[PDB]
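Trainee: Have a look at this one.
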Amino acid sequence: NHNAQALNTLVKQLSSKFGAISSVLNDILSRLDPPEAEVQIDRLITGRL
Amino acid sequence: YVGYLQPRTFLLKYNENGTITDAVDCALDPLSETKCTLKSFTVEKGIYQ
Amino acid sequence: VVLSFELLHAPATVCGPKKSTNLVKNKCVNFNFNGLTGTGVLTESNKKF
Amino acid sequence: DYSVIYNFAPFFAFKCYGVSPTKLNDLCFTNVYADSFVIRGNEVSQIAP
Amino acid sequence: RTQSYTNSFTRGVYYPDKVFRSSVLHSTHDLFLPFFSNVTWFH
Ligand SMILES: *[C@@H]1O[C@H](CO)[C@@H](O)[C@H](O)[C@H]1NC(C)=O
Ligand SMILES: *[C@@H]1O[C@H](CO)[C@@H](O)[C@H](O)[C@H]1NC(C)=O
């Protein structure tokens, strides 16, 4: 059970914006210019790390 | 019959074919709130925060 | 003139002039389904919508 | 199609918040609203998040 | 019109989003009719 929960939580953490406009990287890179996309991707990277 | 809606948190259970078959209103009673916290319609014996 | 959008997923009544491409099944492909951008393999499904 | 929007008169202020000017025509939107009004030059800056 | 009062029971639940979900439990914050709430019968 414990292991499952951990993995489950990890998967749910992929659905968190962490302050970014979207939780999907492809949507961000298809929505914003590379400079601001860098900032949003940076927030997502920090959260996921 | 006329009733009025309210902002509520519901736990909805979807069946195999995709239709909602049961729901739990979190703010109704302590047992329903426990179910919402555990994300299950059955609660085993114990004390749950 | 202030243009107000809402960015979400599939359900959308407005897209850019981008044309279409015939469906491909059982191959790992990039897909843009009505604003939903992803990559995967597309198969016929028995899910009841 | 934002090609005609660009083809209209040169814009004193064309700033895109959620999205990126050029990345428009590449997105798919749920409810476009446009608000038209006439304001003074210094009042343009006040129309911003 | 004559007003009586009755119990709504577990009535008034609707699909919140345009998303198909199967064999899952989903939590939704939305406007719903509270369970076991008093509703008015008008004649
Ligand atoms: C509900 O699911 C059962 C189990 O597969 C299926 O036989 C039935 O056709 C489904 N009903 C509807 C309305 O989808
Ligand atoms: C609805 O019914 C309950 C149970 O009898 C009662 O306590 C409550 O006062 C009723 N609602 C109104 C508005 O009278």
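Every residue, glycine as well, gets a Cβ built from its backbone with ideal geometry; the counts of neighbours run over all protein chains shown. Here, each number is a calculation from the coordinates, and none is a lab measurement.
Trainee: I'd like to compare E:28-38, A:22-32, C:24-34: which one has the highest average count of other Cβ atoms within 10 Å, and what's the full order after that?
Mentor: The packing order, highest mean first, is A:22-32, E:28-38, C:24-34.
Trainee: What's the magnitude of the charge dipole for the protein assembly as shown around its Cα centre, counting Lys and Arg as +1 and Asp and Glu as -1 at the beta-carbon? Answer in Debye, nearest 20.
Mentor: 500 debye
Trainee: Let's see if you can work this out: charge +1 on each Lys and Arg Cβ, -1 on each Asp and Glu Cβ, no other charges. What is the dipole magnitude of chain C about its Cα centre, in debye to the nearest 20?
Mentor: Its charge dipole is roughly 220 debye.
Trainee: Also, quick follow-up: Taking the Cα atoms only, what angle lies between the long axis of helix A:34-48 and the longest principal axis of chain A, rounded to 10 degrees?
Mentor: Compared with the principal axis, the helix lies near 10 degrees.
Trainee: At 0.36 nm per residue, minus the direct Cα-Cα distance, what do residue C:19 and residue C:43 gain on full extension? Give it in nm, one decimal, please.
Mentor: Separation in residues times 0.36 nm, less the Cα-Cα distance, equals 6.4 nm.
Trainee: Give me the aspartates and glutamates in straight-line cross-link reach of residue C:27: C-alpha distance below 15 Å, same-chain residues under 8 apart excluded.
Mentor: Answer for residue C:27, where 15 Å is the Cα cut-off: C:44, listed by chain and number.
Trainee: Once you measure Cβ to Cβ distances between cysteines in the protein assembly as shown, which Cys have no partner under 4.7 Å?
Mentor: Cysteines of the protein assembly as shown left without a disulfide-compatible partner: C:28, D:16.
Trainee: Assigning unit charges at the beta carbon (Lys, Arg +1; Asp, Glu -1) and nothing else, what dipole magnitude in debye, to the nearest 20, does chain B show about its Cα centre? Provide the component values of the computation, followed by the final result.
Mentor: Numbers: 5 positive and 6 negative charges, 17 e Å.
So the dipole magnitude of chain B works out to roughly 80 debye.
Trainee: Near residue B:28, within a Cβ-to-Cβ distance under 12 Å, what is the net charge of the other residues, with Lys and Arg +1 and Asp and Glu -1?
Mentor: On the way: positive: B:8, B:35; negative: B:25, B:29, B:33.
Its environment carries a net charge of -1.
Trainee: In what sequence do D:6, B:4, B:14 fall when counting other Cβ within 10 Å, fewest first?
Mentor: Arranged by neighbour count, lowest to highest, D:6, B:4, B:14 become B:4, D:6, B:14.
Trainee: Between rounded, prolate and oblate, where does chain C land on the alpha carbon gyration tensor, with a ≥ b ≥ c its root eigenvalues, rounded for a/c under 1.5, else prolate if a/b exceeds b/c?
Mentor: prolate
Trainee: Mark the label point 7 Å from the Cα of residue D:7 along Cα→Cβ and return the residues of the range D:15-38 whose backbone N is within less than 18 Å of it.
Mentor: Only D:22, D:24-26 pass the distance filter.
Trainee: Further question on the same structure: Take the residue pairs A:17/B:35; A:12/C:19; A:17/B:39 and return only those whose Cα atoms are more than 25 Å apart.
Mentor: Listed pairs above 25 Å: A:17/B:35; A:12/C:19.
Trainee: Could you tell me which of rounded, prolate or oblate describes the range B:3-49, using a ≥ b ≥ c as the square roots of the eigenvalues of the alpha-carbon gyration tensor, with rounded for a/c under 1.5 and, failing that, prolate when a/b is larger than b/c and oblate otherwise?
Mentor: Oblate, because a/c is 1.5 or more while a/b does not exceed b/c.
Trainee: A further question follows. Past 25 Å, Cα to Cα: identify those pairs from C:18/C:48; D:15/E:18; C:18/D:15, in the order given.
Mentor: C:18/C:48; D:15/E:18
Trainee: Got the relative contact order for chain B handy, in percent, Cα pairs under 8 Å and 6 or more residues apart? Provide the component values of the computation, followed by the final result.
Mentor: On the way: 48 pairs, mean separation 12.0, N = 49.
Relative contact order, chain B: 24 percent.
Trainee: Angle, helix A:2-12 long axis vs. longest principal axis of chain A, Cα atoms, 0 to 90°, nearest 10?
Mentor: 20 degrees
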